[PDB]
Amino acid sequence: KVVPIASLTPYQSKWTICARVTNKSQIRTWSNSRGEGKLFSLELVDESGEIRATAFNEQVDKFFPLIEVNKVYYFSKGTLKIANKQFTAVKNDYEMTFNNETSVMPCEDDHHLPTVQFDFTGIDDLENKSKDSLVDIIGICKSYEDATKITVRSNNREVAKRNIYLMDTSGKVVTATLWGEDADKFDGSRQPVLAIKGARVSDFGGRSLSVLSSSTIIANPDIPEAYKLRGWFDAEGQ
């Protein structure tokens, strides 16, 4: 029986949520001073709230191919505990981890559950944010560059890299780096309003941003401050 995400608490292992996926990761392996394994993570949203959920190893195999982004599912039992704020933009005290107990059945998208949500920081306000801290931002993609292939000696990877320059009603332009696939797909033609959840702050250049693979980019967010942006921009931004 279905409770909101707002209600979920480590003190009660009996719960079902009807949540829609807003972010699914790809499967990633790790190995360290502690452990070995693979995982993928999700970000969920309902009418009450949002939550990050992560499946490991044997659930990654169960569940990776049964969950896709933008769809609505019942999630039933997982592991809850304090969110590591360091590593998310997601707005919850806790954080779910699948287990052998987890069930994931498809739920009806008839209650229209919402889409990504954001807690924005003005591009003029990033001066007051810390390096490595995660931000949410909305901006006109004033301009963008072609993608290039960076070469990472530290770990031996050749990554796609695409810089984009984002401006908001303050006239402050911030450089933002896309990586990998993102760097490759992105087309900012007609200068769209982008809303990016969980972009990571960087100090290169004073303040810039790095769009991580955990970040969630919405091309023309159907949200009030996007019309507010295009409005200004087609006037003062010109």
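Residue indices: 1-based, along the sequence shown.
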| Out of 96 to 104 and 118 to 126, which one has CA B-factors that are higher on average in the deposited record? | 96 to 104
| query | So 199 to 207 or 44 to 52, which one's hotter by mean CA B-factor in the entry? | reply | 199 to 207
| Out of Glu158, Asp136, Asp109, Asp132, residue topping the C-alpha B-factor column of the entry | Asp109
| task | Name the residue from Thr177, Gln26, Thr29, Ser33 with the greatest C-alpha temperature factor listed in the entry. | result | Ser33
| field | For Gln59, the third of its chain into which the C-alpha B factor falls | value | highest
| field | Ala219, C-alpha B-factor rank within chain (lowest, middle or highest third) | value | highest
| request: Can you work out whether the C-alpha temperature factor of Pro192 puts it in the lowest, middle or highest third of the chain? | output: lowest
| query | Based on the entry's values, in what third of the chain does the Cα temperature factor of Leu166 lie: lowest, middle or highest? | reply | lowest
| said: Where does the C-alpha B-factor of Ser13 rank in its chain, lowest, middle or highest third? | reply: highest
